[PDB]
$ cat input_25.tsv   # TSV, C-alpha atoms
chain	number	residue	atom	x	y	z
A	1	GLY	CA	-19.80	-33.79	17.21
A	2	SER	CA	-21.48	-35.32	14.17
A	3	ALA	CA	-18.56	-37.71	13.71
A	4	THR	CA	-19.81	-40.97	15.19
A	5	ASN	CA	-21.89	-43.92	13.96
A	6	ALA	CA	-25.02	-42.64	15.70
A	7	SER	CA	-24.71	-39.08	14.39
A	8	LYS	CA	-24.19	-40.30	10.83
A	9	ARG	CA	-27.24	-42.53	11.17
A	10	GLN	CA	-29.26	-39.63	12.56
A	11	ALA	CA	-28.34	-37.35	9.67
A	12	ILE	CA	-29.20	-39.96	7.03
A	13	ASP	CA	-32.38	-41.37	8.57
A	14	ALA	CA	-33.96	-38.01	9.36
A	15	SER	CA	-33.10	-36.63	5.94
A	16	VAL	CA	-34.79	-39.68	4.39
A	17	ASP	CA	-38.06	-38.95	6.20
A	18	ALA	CA	-37.88	-35.28	5.25
A	19	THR	CA	-37.05	-36.04	1.62
A	20	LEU	CA	-39.75	-38.71	1.35
A	21	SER	CA	-42.34	-36.36	2.84
A	22	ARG	CA	-41.51	-33.81	0.13
A	23	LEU	CA	-42.05	-36.51	-2.49
A	24	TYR	CA	-45.56	-37.32	-1.26
A	25	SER	CA	-46.58	-33.69	-1.02
A	26	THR	CA	-45.08	-32.87	-4.42
A	27	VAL	CA	-46.04	-35.97	-6.41
A	28	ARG	CA	-49.45	-37.63	-6.16
A	29	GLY	CA	-49.64	-41.42	-6.22
A	30	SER	CA	-46.11	-41.92	-4.93
A	31	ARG	CA	-47.35	-43.03	-1.51
A	32	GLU	CA	-49.51	-45.83	-2.88
A	33	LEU	CA	-46.69	-47.16	-5.04
A	34	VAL	CA	-44.40	-47.11	-2.00
A	35	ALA	CA	-47.01	-49.12	-0.09
A	36	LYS	CA	-46.90	-51.58	-2.99
A	37	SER	CA	-43.17	-51.80	-2.38
A	38	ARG	CA	-41.68	-54.16	0.20
A	39	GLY	CA	-38.89	-51.72	0.86
A	40	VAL	CA	-37.99	-48.18	-0.13
A	41	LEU	CA	-34.53	-46.64	-0.45
A	42	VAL	CA	-34.30	-42.85	-0.60
A	43	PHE	CA	-31.17	-40.97	-1.64
A	44	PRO	CA	-31.18	-37.38	-0.28
A	45	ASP	CA	-28.16	-36.24	-2.28
A	46	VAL	CA	-27.80	-32.73	-0.90
A	47	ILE	CA	-24.91	-30.85	-2.45
A	48	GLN	CA	-23.60	-27.30	-2.36
A	49	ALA	CA	-21.88	-25.40	-5.17
A	50	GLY	CA	-18.35	-25.85	-3.87
A	51	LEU	CA	-18.86	-26.98	-0.30
A	52	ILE	CA	-18.94	-30.74	0.19
A	53	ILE	CA	-21.25	-31.86	2.99
A	54	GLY	CA	-19.30	-34.39	5.05
A	55	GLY	CA	-17.71	-36.06	2.05
A	56	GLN	CA	-20.30	-38.41	0.66
A	57	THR	CA	-23.68	-36.87	-0.07
A	58	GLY	CA	-25.08	-39.97	-1.73
A	59	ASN	CA	-26.24	-41.48	1.54
A	60	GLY	CA	-29.60	-43.17	1.97
A	61	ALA	CA	-31.62	-45.54	4.13
A	62	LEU	CA	-33.68	-48.62	3.35
A	63	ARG	CA	-37.07	-48.41	5.02
A	64	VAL	CA	-38.77	-51.80	5.34
A	65	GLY	CA	-42.09	-52.09	7.14
A	66	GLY	CA	-41.68	-48.62	8.60
A	67	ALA	CA	-38.30	-49.50	10.09
A	68	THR	CA	-34.87	-48.82	8.64
A	69	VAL	CA	-33.15	-52.18	8.15
A	70	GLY	CA	-29.94	-50.85	6.66
A	71	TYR	CA	-28.15	-47.82	5.24
A	72	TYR	CA	-26.58	-47.40	1.81
A	73	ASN	CA	-24.15	-45.17	-0.08
A	74	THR	CA	-23.42	-44.67	-3.77
A	75	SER	CA	-19.76	-45.38	-4.44
A	76	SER	CA	-20.23	-44.45	-8.07
A	77	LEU	CA	-23.02	-42.21	-9.38
A	78	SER	CA	-23.97	-41.53	-12.99
A	79	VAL	CA	-22.30	-38.27	-14.04
A	80	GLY	CA	-25.29	-37.03	-16.02
A	81	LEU	CA	-27.23	-36.89	-12.75
A	82	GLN	CA	-24.33	-35.65	-10.65
A	83	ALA	CA	-23.54	-32.71	-12.94
A	84	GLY	CA	-25.11	-29.49	-11.72
A	85	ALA	CA	-25.35	-27.35	-8.60
A	86	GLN	CA	-28.67	-28.91	-7.67
A	87	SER	CA	-29.54	-31.44	-4.97
A	88	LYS	CA	-31.29	-34.59	-6.19
A	89	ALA	CA	-33.49	-37.25	-4.64
A	90	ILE	CA	-33.62	-40.80	-5.96
A	91	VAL	CA	-36.09	-43.40	-4.75
A	92	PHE	CA	-35.71	-47.13	-5.37
A	93	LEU	CA	-38.82	-49.25	-4.87
A	94	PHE	CA	-38.64	-53.02	-4.54
A	95	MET	CA	-42.06	-54.59	-5.14
A	96	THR	CA	-40.79	-58.15	-4.77
A	97	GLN	CA	-39.36	-59.89	-1.71
A	98	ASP	CA	-36.79	-61.58	-3.96
A	99	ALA	CA	-35.52	-58.17	-5.02
A	100	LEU	CA	-35.49	-56.87	-1.45
A	101	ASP	CA	-33.50	-59.83	-0.13
A	102	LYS	CA	-31.15	-59.89	-3.11
A	103	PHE	CA	-30.47	-56.19	-2.63
A	104	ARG	CA	-30.04	-56.55	1.13
A	105	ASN	CA	-27.61	-59.47	0.82
A	106	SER	CA	-25.61	-57.74	-1.90
A	107	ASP	CA	-22.30	-55.96	-1.31
A	108	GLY	CA	-22.38	-54.01	-4.54
A	109	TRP	CA	-25.63	-53.43	-6.38
A	110	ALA	CA	-25.57	-51.77	-9.80
A	111	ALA	CA	-28.64	-50.29	-11.49
A	112	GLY	CA	-29.59	-52.11	-14.67
A	113	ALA	CA	-26.76	-54.56	-14.14
A	114	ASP	CA	-28.05	-56.76	-11.32
A	115	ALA	CA	-31.72	-55.79	-11.37
A	116	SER	CA	-33.92	-54.54	-14.18
A	117	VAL	CA	-35.18	-51.05	-13.38
A	118	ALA	CA	-38.09	-48.97	-14.63
A	119	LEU	CA	-38.08	-45.19	-14.53
A	120	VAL	CA	-41.59	-44.36	-13.36
A	121	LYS	CA	-43.32	-41.43	-15.02
A	122	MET	CA	-46.43	-39.77	-13.58
A	123	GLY	CA	-49.63	-40.44	-15.49
A	124	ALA	CA	-51.56	-38.02	-17.68
A	125	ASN	CA	-53.57	-36.98	-14.63
A	126	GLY	CA	-50.34	-35.76	-13.04
A	127	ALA	CA	-50.17	-38.63	-10.58
A	128	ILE	CA	-48.12	-41.83	-10.50
A	129	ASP	CA	-50.25	-44.65	-11.87
A	130	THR	CA	-49.86	-47.81	-9.81
A	131	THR	CA	-51.42	-49.97	-12.54
A	132	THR	CA	-48.63	-48.90	-14.90
A	133	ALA	CA	-46.13	-50.55	-12.53
A	134	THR	CA	-44.52	-53.72	-13.86
A	135	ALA	CA	-40.80	-53.87	-13.03
A	136	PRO	CA	-39.60	-55.58	-9.79
A	137	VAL	CA	-37.56	-52.46	-9.12
A	138	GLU	CA	-39.23	-49.12	-9.74
A	139	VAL	CA	-37.19	-45.94	-9.86
A	140	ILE	CA	-38.64	-42.55	-9.01
A	141	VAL	CA	-36.28	-39.63	-9.52
A	142	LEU	CA	-37.25	-36.39	-7.83
A	143	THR	CA	-35.43	-33.34	-9.12
A	144	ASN	CA	-35.91	-29.62	-8.39
A	145	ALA	CA	-38.16	-29.70	-11.46
A	146	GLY	CA	-40.15	-32.61	-10.06
A	147	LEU	CA	-40.07	-36.02	-11.71
A	148	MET	CA	-37.73	-36.35	-14.66
A	149	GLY	CA	-38.51	-39.10	-17.14
A	150	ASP	CA	-35.37	-38.42	-19.15
A	151	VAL	CA	-33.00	-39.87	-16.57
A	152	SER	CA	-30.60	-42.75	-17.08
A	153	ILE	CA	-29.44	-44.28	-13.80
A	154	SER	CA	-27.10	-46.75	-15.50
A	155	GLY	CA	-23.70	-46.60	-13.84
A	156	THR	CA	-25.16	-46.07	-10.38
A	157	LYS	CA	-23.66	-48.50	-7.87
A	158	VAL	CA	-24.72	-48.76	-4.22
A	159	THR	CA	-22.82	-50.30	-1.32
A	160	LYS	CA	-24.02	-51.15	2.19
A	161	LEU	CA	-22.93	-48.97	5.09
A	162	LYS	CA	-22.06	-50.76	8.31
A	163	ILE	CA	-23.63	-48.36	10.79

$ encode --input "input_25.tsv" --output "structure tokens"
Amino acid sequence: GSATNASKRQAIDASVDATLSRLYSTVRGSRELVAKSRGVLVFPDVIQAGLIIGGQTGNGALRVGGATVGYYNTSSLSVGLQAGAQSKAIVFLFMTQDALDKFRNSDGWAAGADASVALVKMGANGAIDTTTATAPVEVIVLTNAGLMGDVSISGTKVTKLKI
């Protein structure tokens, strides 16, 4: 069990919903910014301190218009983010159709390399300010300490999973 295309899909897709729900309940304003996005990719990187879950934990799903249109995996993650016995969640928001299509048609997307990316910080009210948005790709990083504005995602490369 849990070794087929459908089971892998189930694990990823359900974890995305669960992870995304935690984001909305933890961080105010996130939902509105996501609505401003054409598509949202969530990375529920769940790791254990020694035990490797499956093999690749950097698995995520692209949710477009409420429906998952494809699944993605990070072949190479930035070490500064990977270091630590903590599970991380990374959300990529594409506010432009050009960026959504370019990402979808790509077979190797690198952060900062192909698209310009902004690390979104919550406003002074403690909520993500949608008016502060400007980049075509907006990056929200959810850590066990909440949003971290001191994160560099350079070096992160995502590939498309054929499931």

$ residues_around --input "input_25.tsv" --residues "residue 40 (chain A)" --least-positions-apart "2" --cutoff "8 Å" --atoms "only C-alpha atoms" --output "ChimeraX atom specification"
/A:34,37-38,42,62-64,91-94

$ closest_residue --input "input_25.tsv" --among "A:59, A:106, A:143, A:5" --to "residue 71 (chain A)" --atoms "all atoms listed in the file"
A:59

$ residues_around --input "input_25.tsv" --residues "residue 27 (chain A)" --least-positions-apart "4" --cutoff "12 Å" --atoms "all atoms listed in the file" --output "ChimeraX atom specification"
/A:20-23,31-33,120-123,125-129,140-143,145-148

$ write_last_selection --input "input_25.tsv" --atoms "C-alpha atoms" --output "short mmCIF file (atom, residue, chain, number, x, y, z; two decimals), in the frame of the given file"
data_model
loop_
_atom_site.label_atom_id
_atom_site.label_comp_id
_atom_site.auth_asym_id
_atom_site.auth_seq_id
_atom_site.Cartn_x
_atom_site.Cartn_y
_atom_site.Cartn_z
CA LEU A 20 -39.75 -38.71 1.35
CA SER A 21 -42.34 -36.36 2.84
CA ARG A 22 -41.51 -33.81 0.13
CA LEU A 23 -42.05 -36.51 -2.49
CA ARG A 31 -47.35 -43.03 -1.51
CA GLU A 32 -49.51 -45.83 -2.88
CA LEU A 33 -46.69 -47.16 -5.04
CA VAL A 120 -41.59 -44.36 -13.36
CA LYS A 121 -43.32 -41.43 -15.02
CA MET A 122 -46.43 -39.77 -13.58
CA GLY A 123 -49.63 -40.44 -15.49
CA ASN A 125 -53.57 -36.98 -14.63
CA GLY A 126 -50.34 -35.76 -13.04
CA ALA A 127 -50.17 -38.63 -10.58
CA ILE A 128 -48.12 -41.83 -10.50
CA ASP A 129 -50.25 -44.65 -11.87
CA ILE A 140 -38.64 -42.55 -9.01
CA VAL A 141 -36.28 -39.63 -9.52
CA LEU A 142 -37.25 -36.39 -7.83
CA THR A 143 -35.43 -33.34 -9.12
CA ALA A 145 -38.16 -29.70 -11.46
CA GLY A 146 -40.15 -32.61 -10.06
CA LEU A 147 -40.07 -36.02 -11.71
CA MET A 148 -37.73 -36.35 -14.66
#

$ residues_around --input "input_25.tsv" --residues "residue 89 (chain A)" --least-positions-apart "4" --cutoff "6 Å" --atoms "all atoms listed in the file" --output "ChimeraX atom specification"
/A:43-45,142

$ residues_around --input "input_25.tsv" --residues "residue 50 (chain A)" --least-positions-apart "6" --cutoff "12 Å" --atoms "all atoms listed in the file" --output "mmCIF file with C-alpha atoms, in the coordinates of the input"
data_model
loop_
_atom_site.group_PDB
_atom_site.id
_atom_site.type_symbol
_atom_site.label_atom_id
_atom_site.label_comp_id
_atom_site.auth_asym_id
_atom_site.auth_seq_id
_atom_site.Cartn_x
_atom_site.Cartn_y
_atom_site.Cartn_z
ATOM 1 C CA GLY A 84 -25.110 -29.490 -11.720
ATOM 2 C CA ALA A 85 -25.350 -27.350 -8.600
ATOM 3 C CA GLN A 86 -28.670 -28.910 -7.670
#

$ atom_distance --input "input_25.tsv" --atom1 "CA of residue 25 (chain A)" --atom2 "CA of residue 88 (chain A)"
16.2 Å

$ atom_distance --input "input_25.tsv" --atom1 "CA of residue 117 (chain A)" --atom2 "CA of residue 137 (chain A)"
5.1 Å

$ closest_residue --input "input_25.tsv" --among "A:14, A:135, A:115, A:77" --to "residue 90 (chain A)" --atoms "all atoms listed in the file"
A:77

$ atom_distance --input "input_25.tsv" --atom1 "CA of residue 160 (chain A)" --atom2 "CA of residue 72 (chain A)"
4.6 Å

$ closest_residue --input "input_25.tsv" --among "A:7, A:29, A:156, A:162" --to "residue 74 (chain A)" --atoms "all atoms listed in the file"
A:156

$ build_atoms --input "input_25.tsv" --residues "region 81-92 of chain A" --atoms "N, CA and C atoms" --output "mmCIF file, in the frame of the given file"
data_model
loop_
_atom_site.group_PDB
_atom_site.id
_atom_site.type_symbol
_atom_site.label_atom_id
_atom_site.label_comp_id
_atom_site.auth_asym_id
_atom_site.auth_seq_id
_atom_site.Cartn_x
_atom_site.Cartn_y
_atom_site.Cartn_z
ATOM 1 N N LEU A 81 -26.361 -37.272 -13.864
ATOM 2 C CA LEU A 81 -27.230 -36.890 -12.750
ATOM 3 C C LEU A 81 -26.455 -36.033 -11.757
ATOM 4 N N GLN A 82 -25.167 -36.319 -11.627
ATOM 5 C CA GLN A 82 -24.330 -35.650 -10.650
ATOM 6 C C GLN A 82 -23.999 -34.222 -11.082
ATOM 7 N N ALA A 83 -23.866 -34.022 -12.385
ATOM 8 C CA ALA A 83 -23.540 -32.710 -12.940
ATOM 9 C C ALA A 83 -24.608 -31.681 -12.583
ATOM 10 N N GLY A 84 -24.178 -30.538 -12.064
ATOM 11 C CA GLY A 84 -25.110 -29.490 -11.720
ATOM 12 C C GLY A 84 -25.013 -29.085 -10.263
ATOM 13 N N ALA A 85 -25.391 -27.851 -9.963
ATOM 14 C CA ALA A 85 -25.350 -27.350 -8.600
ATOM 15 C C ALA A 85 -26.712 -27.496 -7.932
ATOM 16 N N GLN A 86 -27.340 -28.633 -8.179
ATOM 17 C CA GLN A 86 -28.670 -28.910 -7.670
ATOM 18 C C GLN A 86 -28.659 -30.204 -6.857
ATOM 19 N N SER A 87 -29.400 -30.231 -5.759
ATOM 20 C CA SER A 87 -29.540 -31.440 -4.970
ATOM 21 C C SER A 87 -30.614 -32.344 -5.562
ATOM 22 N N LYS A 88 -30.368 -33.650 -5.565
ATOM 23 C CA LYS A 88 -31.290 -34.590 -6.190
ATOM 24 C C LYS A 88 -31.799 -35.602 -5.175
ATOM 25 N N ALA A 89 -32.949 -36.189 -5.464
ATOM 26 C CA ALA A 89 -33.490 -37.250 -4.640
ATOM 27 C C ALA A 89 -33.868 -38.437 -5.518
ATOM 28 N N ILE A 90 -33.362 -39.606 -5.174
ATOM 29 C CA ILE A 90 -33.620 -40.800 -5.960
ATOM 30 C C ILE A 90 -34.240 -41.876 -5.084
ATOM 31 N N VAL A 91 -35.371 -42.404 -5.518
ATOM 32 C CA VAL A 91 -36.090 -43.400 -4.750
ATOM 33 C C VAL A 91 -36.125 -44.733 -5.490
ATOM 34 N N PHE A 92 -35.689 -45.784 -4.811
ATOM 35 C CA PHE A 92 -35.710 -47.130 -5.370
ATOM 36 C C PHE A 92 -36.765 -47.967 -4.665
#
